[PDB]
Amino acid sequence: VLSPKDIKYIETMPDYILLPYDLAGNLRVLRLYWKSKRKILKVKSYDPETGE
Amino acid sequence: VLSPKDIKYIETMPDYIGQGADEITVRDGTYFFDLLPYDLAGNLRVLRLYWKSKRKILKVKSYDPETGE
Amino acid sequence: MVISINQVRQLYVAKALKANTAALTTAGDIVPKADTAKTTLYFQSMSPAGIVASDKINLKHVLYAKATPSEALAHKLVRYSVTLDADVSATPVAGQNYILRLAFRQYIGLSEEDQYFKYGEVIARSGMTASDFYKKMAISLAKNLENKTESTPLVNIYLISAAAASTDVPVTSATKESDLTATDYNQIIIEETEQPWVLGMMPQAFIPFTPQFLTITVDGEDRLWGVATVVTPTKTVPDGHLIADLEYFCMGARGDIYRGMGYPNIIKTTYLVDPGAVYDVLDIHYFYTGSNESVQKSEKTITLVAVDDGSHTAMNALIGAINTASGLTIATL
Amino acid sequence: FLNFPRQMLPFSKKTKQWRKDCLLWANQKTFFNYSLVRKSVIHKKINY
Amino acid sequence: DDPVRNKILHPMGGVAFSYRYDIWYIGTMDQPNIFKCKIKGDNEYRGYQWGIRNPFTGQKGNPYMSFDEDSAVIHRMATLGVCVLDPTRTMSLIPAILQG
Amino acid sequence: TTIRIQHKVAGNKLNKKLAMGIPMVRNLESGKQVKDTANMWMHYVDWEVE
Amino acid sequence: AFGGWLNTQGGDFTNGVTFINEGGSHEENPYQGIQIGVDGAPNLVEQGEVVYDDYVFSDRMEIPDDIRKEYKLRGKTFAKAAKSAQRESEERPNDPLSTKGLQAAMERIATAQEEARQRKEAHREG
């Protein structure tokens, strides 16, 4: 899922052998997870065989 | 059971707060400045009320057909 | 126009001094009221629909009370003396194109990134004297800038002769070579113009510029042509349009906050400032403290405005009336 | 942005820039929590 | 060429800062010569004091009041700097009309 | 170097809907005034402070 | 979908009454009905009729006053009279007394509708 532009940003990072880098040459990776709202529909369907 | 008007009240609410224990700022880099429906954390006051109401019912005396009971 | 406030600003127009509330007859009257124990100052002012007062100024809680003259709020329209730089050539070099660029900076939008560029042009010829040059370039600078069909007035452009050297002869799009009959022209004066002003909707704002010259070859070298020096301004716009906008904003603090939003349905406020006269400003800036552990200041200001007649008599009577009733050291300007 | 971008949306309006405006908000306004059942980070770091 | 900050005009047109020549990088250095010094951990303190309402966070009803007025102020602050390790690896050329 | 900012609004502006007589614009980082359509006032208050 | 159901607390609770809606009349539908059941194979219902215990309360008929004063109906139609006898039991579908109160009242409108069918058939054949 990394584009070839994003491999270059990992590649062009400064050689350290708010803050995107560490002094061990690491990358700050922020994982965010949230509970969005989604629209669903409750459908009530009479089955043709029985009526349930 | 929530109406889309009631989701719009849930949606427009506090969800971020700010630093906390003109403000004088102390502690250097860790700067420290020196019945209500939200919790200053992004929560909602769900008050639930349970109560015993009164219901009018009928006690009805009937007769069994096959035996006179 | 919209101004900055220190948490409020309310304006009263001092059209009269009546010394008591029983003499308030016409709209716009002012009495500075205070009691014997000089602790509260307020202004019973006659509005066009009754008598109205101000918030009650605690005279232990004033911060500054300074009255300004009407000469201190006049924008001086800047000028530029465009001449021939004598170092390159005292005479116009007889083959060159003599072009001057005006770099305007507020255009139709405020930022200094909204710009506008206008030009004047004269081909210099043999035997053309410097006075025949400024007669030829002030016309060509007026045909582009003092035109009838431009969107907004940009600059006013004059000529200055060497005999009088104090009066300016105006050059416009209709002035011909035969109207400017003088042989001792020595500069071209480029002056700012007052932009159009609409009450409350179009504030008083100006268009600056810088007369920049183009390069004309002399002995092979492409030497910049002229020099432009900022001479002292002689024309100022009055205070009529800043105080007329200042009553329009500060009436929304004491009254309706919107002004025309929906026009079958508005509260028409009657305004008291003539926009065609100059006005003095007096600002009593104060605050409101309590008696608790939560005490400190809700800062306020009251603007009083009296008419200026040349020697500030209608304002100094207000200062002389506030100084006796309240006992403050407001400087009589 | 003011808050977290509007979640009560149809699924087609949750475009590439709506998701990025959500994630840019977490970059900026997510450092200070009045956690109700947790201790402070400076308190926990002292314990380790 | 930004004319909002650059206000002195050059005699040949444009702003005076346009005629300034800067060679930022001369050779390679094996370490970053110019870098932006930022403190580890100093996220900017988003800080609101408020009264009974908070218009930014959207909070109606305050348990801990700073004061008693309908106000909400933001206070934010950042400690920041930069560092140029070798200013001899960087040659500039400034117009003198900017007056040094 | 330590910088700071400050802005103050009343508490009346919590959910003040902007009845747009003129369309309310935002100032971009580029300098351009871009148009916006958010009806709440506080969206244009924390945007001008970042 | 609100038709005789109490969709609360994540669950779907019915009192037995089936509000057969959204279709249309018999003659407006392609299929000519909602075809609730094939159990007669074309068991076809319309938008107004309601069902309790596989018994269909018709919306086409009316309530005569001779069987309004007896059997004690409240609505203008047999469908609207079964839509008013279930008003108590549609909010308390797990109640023991209300499921007795609903079953007792639905048999009355069953005997009210069946008396209207035989008195109509005697009128047309007579």
# chains A, B, ... in the order shown; residues from 1 in each chain; ligands from 1
call {"tool": "residues_around", "arguments": {"residues": "segment 31-43 of chain A", "least_positions_apart": "5", "cutoff": "9 Å", "atoms": "only C-alpha atoms", "output": "PDB file with N, CA, C and O atoms, in the first residue's frame"}}
result
ATOM      1  N   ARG D   6     -17.296  15.104  10.488  1.00  0.00           N
ATOM      2  CA  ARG D   6     -18.653  14.585  10.626  1.00  0.00           C
ATOM      3  C   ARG D   6     -18.768  13.124  10.219  1.00  0.00           C
ATOM      4  O   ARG D   6     -18.527  12.766   9.065  1.00  0.00           O
ATOM      5  N   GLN D   7     -19.128  12.279  11.179  1.00  0.00           N
ATOM      6  CA  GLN D   7     -19.234  10.849  10.952  1.00  0.00           C
ATOM      7  C   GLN D   7     -20.602  10.436  10.445  1.00  0.00           C
ATOM      8  O   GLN D   7     -20.725   9.376   9.829  1.00  0.00           O
ATOM      9  N   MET D   8     -21.626  11.256  10.674  1.00  0.00           N
ATOM     10  CA  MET D   8     -22.996  10.961  10.258  1.00  0.00           C
ATOM     11  C   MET D   8     -23.139  11.364   8.795  1.00  0.00           C
ATOM     12  O   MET D   8     -23.768  12.363   8.439  1.00  0.00           O
ATOM     13  N   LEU D   9     -22.541  10.559   7.933  1.00  0.00           N
ATOM     14  CA  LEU D   9     -22.394  10.828   6.512  1.00  0.00           C
ATOM     15  C   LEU D   9     -22.845   9.614   5.722  1.00  0.00           C
ATOM     16  O   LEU D   9     -22.889   8.501   6.256  1.00  0.00           O
ATOM     17  N   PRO D  10     -23.191   9.787   4.450  1.00  0.00           N
ATOM     18  CA  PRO D  10     -23.277   8.630   3.559  1.00  0.00           C
ATOM     19  C   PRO D  10     -21.887   8.107   3.245  1.00  0.00           C
ATOM     20  O   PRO D  10     -20.880   8.786   3.447  1.00  0.00           O
ATOM     21  N   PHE D  11     -21.837   6.878   2.739  1.00  0.00           N
ATOM     22  CA  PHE D  11     -20.550   6.223   2.545  1.00  0.00           C
ATOM     23  C   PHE D  11     -19.780   6.782   1.360  1.00  0.00           C
ATOM     24  O   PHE D  11     -18.562   6.598   1.290  1.00  0.00           O
ATOM     25  N   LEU D  23      -7.720  11.841  10.179  1.00  0.00           N
ATOM     26  CA  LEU D  23      -6.431  11.397  10.697  1.00  0.00           C
ATOM     27  C   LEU D  23      -5.511  12.567  11.023  1.00  0.00           C
ATOM     28  O   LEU D  23      -4.669  12.455  11.920  1.00  0.00           O
ATOM     29  N   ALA D  26      -6.294  13.608  14.597  1.00  0.00           N
ATOM     30  CA  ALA D  26      -5.650  12.798  15.625  1.00  0.00           C
ATOM     31  C   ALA D  26      -4.190  13.179  15.806  1.00  0.00           C
ATOM     32  O   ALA D  26      -3.622  12.968  16.880  1.00  0.00           O
TER      33      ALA D  26
ATOM     34  N   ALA G   1     -39.591  -1.973  11.229  1.00  0.00           N
ATOM     35  CA  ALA G   1     -40.514  -1.577  10.177  1.00  0.00           C
ATOM     36  C   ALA G   1     -41.902  -1.286  10.736  1.00  0.00           C
ATOM     37  O   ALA G   1     -42.850  -1.112   9.973  1.00  0.00           O
TER      38      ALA G   1
END
call {"tool": "interface_residues", "arguments": {"of": "chain E", "to": "chain D", "cutoff": "8 Å", "atoms": "only C-alpha atoms", "output": "ChimeraX atom specification"}}
result
/E:43,46,56-57
call {"tool": "write_last_selection", "arguments": {"atoms": "N, CA, C and O atoms", "output": "PDB file, in the first residue's frame"}}
result
ATOM      1  N   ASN E  43       4.872  18.570  22.647  1.00  0.00           N
ATOM      2  CA  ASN E  43       3.670  18.898  21.906  1.00  0.00           C
ATOM      3  C   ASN E  43       3.138  20.223  22.430  1.00  0.00           C
ATOM      4  O   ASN E  43       3.279  20.532  23.617  1.00  0.00           O
ATOM      5  N   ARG E  46      -2.331  22.705  23.906  1.00  0.00           N
ATOM      6  CA  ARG E  46      -3.654  23.257  23.697  1.00  0.00           C
ATOM      7  C   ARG E  46      -4.267  23.473  25.062  1.00  0.00           C
ATOM      8  O   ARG E  46      -4.447  22.520  25.818  1.00  0.00           O
ATOM      9  N   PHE E  56     -15.224  26.248  21.998  1.00  0.00           N
ATOM     10  CA  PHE E  56     -14.319  25.470  21.155  1.00  0.00           C
ATOM     11  C   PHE E  56     -14.564  23.974  21.278  1.00  0.00           C
ATOM     12  O   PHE E  56     -14.850  23.300  20.285  1.00  0.00           O
ATOM     13  N   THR E  57     -14.451  23.437  22.490  1.00  0.00           N
ATOM     14  CA  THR E  57     -14.722  22.022  22.681  1.00  0.00           C
ATOM     15  C   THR E  57     -16.209  21.709  22.622  1.00  0.00           C
ATOM     16  O   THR E  57     -16.572  20.568  22.334  1.00  0.00           O
TER      17      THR E  57
END
call {"tool": "closest_atom_pairs", "arguments": {"of": "chain C", "to": "chain E", "cutoff": "7 Å", "atoms": "only C-alpha atoms", "output": "CSV"}}
result
residue,atom,partner,partner_atom,distance
C:112,CA,E:4,CA,5.3
C:113,CA,E:3,CA,6.3
C:212,CA,E:13,CA,6.9
C:294,CA,E:67,CA,6.7
call {"tool": "interface_residues", "arguments": {"of": "chain F", "to": "chain C", "cutoff": "12 Å", "atoms": "only C-alpha atoms", "output": "PyMOL selection string"}}
result
chain F and resi 8-10+19-22+27+30-33
call {"tool": "write_last_selection", "arguments": {"atoms": "N, CA and C atoms", "output": "tab-separated table (two decimals), in the first residue's frame"}}
result
chain	number	residue	atom	x	y	z
F	8	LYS	N	-9.56	35.16	22.34
F	8	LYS	CA	-10.67	35.14	23.28
F	8	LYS	C	-11.97	35.30	22.52
F	9	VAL	N	-12.94	34.45	22.84
F	9	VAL	CA	-14.30	34.65	22.38
F	9	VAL	C	-15.21	34.63	23.60
F	10	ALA	N	-16.39	35.19	23.43
F	10	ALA	CA	-17.41	35.07	24.45
F	10	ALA	C	-17.93	33.64	24.51
F	19	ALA	N	-25.79	32.95	9.33
F	19	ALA	CA	-26.72	33.18	8.23
F	19	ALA	C	-25.99	33.99	7.17
F	20	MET	N	-25.47	33.31	6.15
F	20	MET	CA	-24.51	33.89	5.23
F	20	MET	C	-25.13	34.88	4.26
F	21	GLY	N	-25.10	36.17	4.61
F	21	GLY	CA	-25.49	37.19	3.65
F	21	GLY	C	-24.45	37.35	2.56
F	22	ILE	N	-23.20	37.57	2.96
F	22	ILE	CA	-22.06	37.35	2.08
F	22	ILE	C	-21.54	35.97	2.46
F	27	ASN	N	-9.22	32.18	5.34
F	27	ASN	CA	-7.88	32.56	4.90
F	27	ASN	C	-7.04	31.30	4.76
F	30	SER	N	-1.87	29.63	1.89
F	30	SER	CA	-1.32	30.21	0.68
F	30	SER	C	-1.49	31.72	0.61
F	31	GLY	N	-2.42	32.29	1.37
F	31	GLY	CA	-2.78	33.68	1.28
F	31	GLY	C	-4.09	33.91	0.57
F	32	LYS	N	-4.56	32.93	-0.19
F	32	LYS	CA	-5.83	33.03	-0.89
F	32	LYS	C	-6.99	32.98	0.09
F	33	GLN	N	-8.01	33.78	-0.17
F	33	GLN	CA	-9.28	33.64	0.53
F	33	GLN	C	-10.07	32.54	-0.17
call {"tool": "closest_atom_pairs", "arguments": {"of": "chain A", "to": "chain G", "cutoff": "7 Å", "atoms": "only C-alpha atoms", "output": "tab-separated table"}}
result
residue	atom	partner	partner_atom	distance
A:43	CA	G:1	CA	6.9
A:44	CA	G:1	CA	6.3
A:46	CA	G:36	CA	5.9
A:47	CA	G:36	CA	6.6
A:48	CA	G:37	CA	5.6
A:49	CA	G:37	CA	5.4
A:50	CA	G:37	CA	4.8
A:51	CA	G:36	CA	4.7
call {"tool": "write_last_selection", "arguments": {"atoms": "N, CA, C and O atoms", "output": "PDB file, in the first residue's frame"}}
result
ATOM      1  N   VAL A  43     -34.998  -4.149   6.823  1.00  0.00           N
ATOM      2  CA  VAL A  43     -36.043  -4.523   5.878  1.00  0.00           C
ATOM      3  C   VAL A  43     -36.833  -5.690   6.451  1.00  0.00           C
ATOM      4  O   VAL A  43     -36.250  -6.650   6.965  1.00  0.00           O
ATOM      5  N   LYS A  44     -38.159  -5.610   6.367  1.00  0.00           N
ATOM      6  CA  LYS A  44     -39.047  -6.661   6.843  1.00  0.00           C
ATOM      7  C   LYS A  44     -39.694  -7.330   5.642  1.00  0.00           C
ATOM      8  O   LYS A  44     -40.544  -6.731   4.978  1.00  0.00           O
ATOM      9  N   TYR A  46     -41.757 -10.493   3.898  1.00  0.00           N
ATOM     10  CA  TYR A  46     -42.633 -11.652   3.985  1.00  0.00           C
ATOM     11  C   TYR A  46     -42.126 -12.737   3.044  1.00  0.00           C
ATOM     12  O   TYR A  46     -42.051 -12.517   1.831  1.00  0.00           O
ATOM     13  N   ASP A  47     -41.766 -13.892   3.591  1.00  0.00           N
ATOM     14  CA  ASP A  47     -41.316 -14.980   2.737  1.00  0.00           C
ATOM     15  C   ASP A  47     -42.500 -15.570   1.969  1.00  0.00           C
ATOM     16  O   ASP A  47     -43.615 -15.629   2.493  1.00  0.00           O
ATOM     17  N   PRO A  48     -42.305 -15.967   0.709  1.00  0.00           N
ATOM     18  CA  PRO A  48     -43.438 -16.450  -0.096  1.00  0.00           C
ATOM     19  C   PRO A  48     -43.968 -17.812   0.314  1.00  0.00           C
ATOM     20  O   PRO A  48     -45.117 -18.126  -0.017  1.00  0.00           O
ATOM     21  N   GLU A  49     -43.190 -18.626   1.026  1.00  0.00           N
ATOM     22  CA  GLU A  49     -43.618 -19.997   1.280  1.00  0.00           C
ATOM     23  C   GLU A  49     -44.572 -20.079   2.466  1.00  0.00           C
ATOM     24  O   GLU A  49     -45.623 -20.723   2.380  1.00  0.00           O
ATOM     25  N   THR A  50     -44.237 -19.424   3.575  1.00  0.00           N
ATOM     26  CA  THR A  50     -44.966 -19.610   4.825  1.00  0.00           C
ATOM     27  C   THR A  50     -45.716 -18.369   5.279  1.00  0.00           C
ATOM     28  O   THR A  50     -46.930 -18.433   5.500  1.00  0.00           O
ATOM     29  N   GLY A  51     -45.034 -17.238   5.423  1.00  0.00           N
ATOM     30  CA  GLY A  51     -45.661 -16.043   5.953  1.00  0.00           C
ATOM     31  C   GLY A  51     -44.865 -15.443   7.090  1.00  0.00           C
ATOM     32  O   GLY A  51     -45.156 -14.333   7.545  1.00  0.00           O
TER      33      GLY A  51
END
call {"tool": "closest_atom_pairs", "arguments": {"of": "chain B", "to": "chain D", "cutoff": "10 Å", "atoms": "only C-alpha atoms", "output": "Markdown table"}}
result
| residue | atom | partner | partner_atom | distance |
| --- | --- | --- | --- | --- |
| B:4 | CA | D:8 | CA | 9.3 |
| B:7 | CA | D:8 | CA | 7.8 |
| B:8 | CA | D:8 | CA | 7.7 |
| B:10 | CA | D:8 | CA | 9.8 |
| B:11 | CA | D:8 | CA | 7.2 |
| B:12 | CA | D:6 | CA | 8.7 |
| B:13 | CA | D:3 | CA | 8.8 |
| B:14 | CA | D:3 | CA | 8.0 |
| B:15 | CA | D:3 | CA | 7.1 |
| B:16 | CA | D:29 | CA | 6.7 |
| B:17 | CA | D:33 | CA | 6.7 |
| B:18 | CA | D:32 | CA | 5.5 |
| B:19 | CA | D:32 | CA | 5.6 |
| B:20 | CA | D:32 | CA | 7.7 |
| B:21 | CA | D:34 | CA | 9.3 |
| B:30 | CA | D:42 | CA | 9.9 |
| B:39 | CA | D:34 | CA | 9.1 |
| B:40 | CA | D:34 | CA | 7.0 |
| B:41 | CA | D:34 | CA | 5.9 |
| B:42 | CA | D:34 | CA | 9.6 |
call {"tool": "write_last_selection", "arguments": {"atoms": "N, CA and C atoms", "output": "CSV table (one decimal), in the first residue's frame"}}
result
chain,number,residue,atom,x,y,z
B,4,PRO,N,-33.0,10.1,13.7
B,4,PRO,CA,-31.8,10.8,13.1
B,4,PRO,C,-31.7,12.2,13.6
B,7,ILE,N,-29.4,11.3,16.6
B,7,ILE,CA,-28.1,11.0,16.2
B,7,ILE,C,-27.3,12.3,16.0
B,8,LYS,N,-28.0,13.4,15.5
B,8,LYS,CA,-27.4,14.7,15.3
B,8,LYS,C,-27.0,15.4,16.7
B,10,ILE,N,-26.1,13.5,19.3
B,10,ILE,CA,-24.9,12.7,19.7
B,10,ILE,C,-23.7,13.1,18.9
B,11,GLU,N,-23.9,13.5,17.7
B,11,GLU,CA,-22.7,13.8,16.8
B,11,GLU,C,-22.1,15.2,17.2
B,12,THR,N,-22.9,16.2,17.5
B,12,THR,CA,-22.4,17.5,17.9
B,12,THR,C,-22.2,17.5,19.4
B,13,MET,N,-21.0,17.3,19.9
B,13,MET,CA,-20.7,17.1,21.3
B,13,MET,C,-19.3,17.3,21.5
B,14,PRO,N,-18.8,17.5,22.8
B,14,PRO,CA,-17.4,17.5,23.1
B,14,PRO,C,-16.8,16.1,22.7
B,15,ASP,N,-15.6,16.2,22.1
B,15,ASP,CA,-14.8,15.0,21.9
B,15,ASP,C,-13.3,15.2,22.1
B,16,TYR,N,-12.9,16.4,22.5
B,16,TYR,CA,-11.5,16.8,22.8
B,16,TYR,C,-11.5,17.8,24.0
B,17,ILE,N,-10.4,17.9,24.8
B,17,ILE,CA,-10.5,18.8,26.0
B,17,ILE,C,-9.4,19.8,26.1
B,18,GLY,N,-8.2,19.4,26.2
B,18,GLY,CA,-7.1,20.4,26.4
B,18,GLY,C,-6.3,20.2,27.6
B,19,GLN,N,-5.2,20.9,27.9
B,19,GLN,CA,-4.3,20.7,29.0
B,19,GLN,C,-5.1,20.9,30.4
B,20,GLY,N,-4.7,20.1,31.4
B,20,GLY,CA,-5.4,20.2,32.7
B,20,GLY,C,-4.6,19.6,33.8
B,21,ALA,N,-4.9,20.1,35.1
B,21,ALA,CA,-4.3,19.5,36.3
B,21,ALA,C,-4.8,18.1,36.5
B,30,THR,N,6.6,20.6,30.1
B,30,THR,CA,5.2,20.2,30.5
B,30,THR,C,4.5,21.4,31.0
B,39,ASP,N,-19.1,14.8,30.1
B,39,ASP,CA,-18.3,14.3,31.2
B,39,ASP,C,-16.9,14.9,31.1
B,40,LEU,N,-16.7,16.0,30.3
B,40,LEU,CA,-15.4,16.4,29.8
B,40,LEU,C,-14.4,15.3,29.5
B,41,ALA,N,-15.0,14.3,28.8
B,41,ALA,CA,-14.2,13.3,28.1
B,41,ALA,C,-14.9,12.8,26.9
B,42,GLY,N,-16.1,13.4,26.5
B,42,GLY,CA,-16.8,13.0,25.4
B,42,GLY,C,-17.9,12.0,25.7
call {"tool": "interface_residues", "arguments": {"of": "chain F", "to": "chain D", "cutoff": "9 Å", "atoms": "only C-alpha atoms", "output": "list in words"}}
result
residues 42, 43, 44, 45, 46 and 47 of chain F
call {"tool": "closest_atom_pairs", "arguments": {"of": "chain G", "to": "chain B", "cutoff": "10 Å", "atoms": "only C-alpha atoms", "output": "JSON lines"}}
result
{"residue": "G:6", "atom": "CA", "partner": "B:1", "partner_atom": "CA", "distance": 9.8}
{"residue": "G:7", "atom": "CA", "partner": "B:1", "partner_atom": "CA", "distance": 7.5}
{"residue": "G:8", "atom": "CA", "partner": "B:1", "partner_atom": "CA", "distance": 6.5}
{"residue": "G:9", "atom": "CA", "partner": "B:1", "partner_atom": "CA", "distance": 8.2}
{"residue": "G:10", "atom": "CA", "partner": "B:1", "partner_atom": "CA", "distance": 9.0}
{"residue": "G:97", "atom": "CA", "partner": "B:57", "partner_atom": "CA", "distance": 8.5}
{"residue": "G:98", "atom": "CA", "partner": "B:57", "partner_atom": "CA", "distance": 9.9}
call {"tool": "write_last_selection", "arguments": {"atoms": "C-alpha atoms", "output": "CSV table (one decimal), in the first residue's frame"}}
result
chain,number,residue,atom,x,y,z
G,6,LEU,CA,-41.8,-3.6,18.9
G,7,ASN,CA,-38.2,-3.3,17.7
G,8,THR,CA,-36.6,-2.4,21.0
G,9,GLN,CA,-33.3,-3.4,22.8
G,10,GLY,CA,-31.9,-5.0,19.7
G,97,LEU,CA,-52.4,-10.7,30.5
G,98,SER,CA,-52.1,-8.7,27.3
call {"tool": "select_by_dssp", "arguments": {"residues": "chain E", "states": "strand (DSSP E or B)", "output": "PyMOL selection string"}}
result
chain E and resi 9+15+21-23+34-35+38+47-50+53-54+59-60+71-80+83-84+91-93
call {"tool": "write_last_selection", "arguments": {"atoms": "C-alpha atoms", "output": "PDB file, in the first residue's frame"}}
result
ATOM      1  CA  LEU E   9      11.619  47.405  -3.496  1.00  0.00           C
ATOM      2  CA  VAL E  15      11.153  43.186  -4.019  1.00  0.00           C
ATOM      3  CA  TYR E  21      21.668  34.481  -4.020  1.00  0.00           C
ATOM      4  CA  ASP E  22      21.949  31.590  -1.548  1.00  0.00           C
ATOM      5  CA  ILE E  23      23.992  28.420  -2.002  1.00  0.00           C
ATOM      6  CA  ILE E  34      20.792  22.438   8.404  1.00  0.00           C
ATOM      7  CA  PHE E  35      18.077  20.908  10.559  1.00  0.00           C
ATOM      8  CA  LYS E  38      12.390  20.413  17.918  1.00  0.00           C
ATOM      9  CA  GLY E  47      -5.019  24.975  26.744  1.00  0.00           C
ATOM     10  CA  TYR E  48      -8.439  26.475  27.394  1.00  0.00           C
ATOM     11  CA  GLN E  49      -9.589  28.261  30.464  1.00  0.00           C
ATOM     12  CA  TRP E  50     -13.303  28.909  30.352  1.00  0.00           C
ATOM     13  CA  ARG E  53     -19.755  27.457  28.346  1.00  0.00           C
ATOM     14  CA  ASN E  54     -16.830  26.401  26.125  1.00  0.00           C
ATOM     15  CA  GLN E  59     -19.041  21.771  26.410  1.00  0.00           C
ATOM     16  CA  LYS E  60     -22.223  22.980  28.107  1.00  0.00           C
ATOM     17  CA  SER E  71     -15.403  33.392  28.085  1.00  0.00           C
ATOM     18  CA  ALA E  72     -13.084  30.804  26.588  1.00  0.00           C
ATOM     19  CA  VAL E  73      -9.504  31.713  25.812  1.00  0.00           C
ATOM     20  CA  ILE E  74      -6.997  29.527  23.935  1.00  0.00           C
ATOM     21  CA  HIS E  75      -3.384  29.484  25.073  1.00  0.00           C
ATOM     22  CA  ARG E  76      -0.887  27.610  22.912  1.00  0.00           C
ATOM     23  CA  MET E  77       2.891  27.845  23.011  1.00  0.00           C
ATOM     24  CA  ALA E  78       5.824  26.187  21.244  1.00  0.00           C
ATOM     25  CA  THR E  79       9.522  26.019  22.094  1.00  0.00           C
ATOM     26  CA  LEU E  80      11.405  25.849  18.818  1.00  0.00           C
ATOM     27  CA  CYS E  83      20.661  24.813  13.934  1.00  0.00           C
ATOM     28  CA  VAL E  84      23.187  25.160  11.117  1.00  0.00           C
ATOM     29  CA  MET E  91      27.604  30.845   0.795  1.00  0.00           C
ATOM     30  CA  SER E  92      25.149  33.745   0.578  1.00  0.00           C
ATOM     31  CA  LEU E  93      25.011  36.907  -1.523  1.00  0.00           C
TER      32      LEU E  93
END
call {"tool": "atom_distance", "arguments": {"atom1": "atom CA of residue 274 of chain C", "atom2": "atom CA of residue 52 of chain C"}}
result
20.8 Å
call {"tool": "atom_distance", "arguments": {"atom1": "atom CA of residue 1 of chain A", "atom2": "atom CA of residue 19 of chain A"}}
result
22.8 Å
call {"tool": "closest_residue", "arguments": {"among": "B:60, B:55, B:22, B:68", "to": "chain C", "atoms": "only C-alpha atoms"}}
result
B:22
call {"tool": "select_by_dssp", "arguments": {"residues": "segment 2-87 of chain G", "states": "alpha helix (DSSP H)", "output": "MDAnalysis selection string"}}
result
chainID G and resid 66:69 78:85
call {"tool": "write_last_selection", "arguments": {"atoms": "N, CA and C atoms", "output": "CSV table (one decimal), in the first residue's frame"}}
result
chain,number,residue,atom,x,y,z
G,66,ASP,N,-75.6,-3.0,13.7
G,66,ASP,CA,-76.1,-4.1,14.4
G,66,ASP,C,-75.0,-5.0,15.0
G,67,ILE,N,-73.9,-5.0,14.4
G,67,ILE,CA,-72.7,-5.7,15.0
G,67,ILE,C,-71.7,-4.7,15.4
G,68,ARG,N,-72.1,-3.4,15.6
G,68,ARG,CA,-71.2,-2.5,16.3
G,68,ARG,C,-71.7,-2.4,17.8
G,69,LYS,N,-73.0,-2.3,18.0
G,69,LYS,CA,-73.5,-2.3,19.4
G,69,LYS,C,-73.2,-3.6,20.1
G,78,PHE,N,-63.3,-3.4,9.6
G,78,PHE,CA,-62.8,-4.5,10.4
G,78,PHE,C,-61.3,-4.5,10.5
G,79,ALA,N,-60.6,-4.0,9.5
G,79,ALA,CA,-59.2,-3.8,9.7
G,79,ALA,C,-58.8,-2.8,10.7
G,80,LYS,N,-59.6,-1.7,10.7
G,80,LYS,CA,-59.4,-0.6,11.7
G,80,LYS,C,-59.9,-0.9,13.0
G,81,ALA,N,-60.8,-2.0,13.1
G,81,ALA,CA,-61.2,-2.4,14.5
G,81,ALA,C,-60.2,-3.4,15.0
G,82,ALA,N,-59.5,-4.2,14.2
G,82,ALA,CA,-58.4,-5.0,14.7
G,82,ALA,C,-57.1,-4.2,14.9
G,83,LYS,N,-57.0,-3.0,14.3
G,83,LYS,CA,-55.9,-2.1,14.6
G,83,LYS,C,-56.1,-1.3,15.8
G,84,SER,N,-57.3,-1.4,16.4
G,84,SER,CA,-57.5,-0.7,17.7
G,84,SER,C,-57.6,-1.7,18.9
G,85,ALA,N,-57.9,-2.9,18.6
G,85,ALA,CA,-57.9,-3.9,19.7
G,85,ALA,C,-56.5,-4.4,20.1
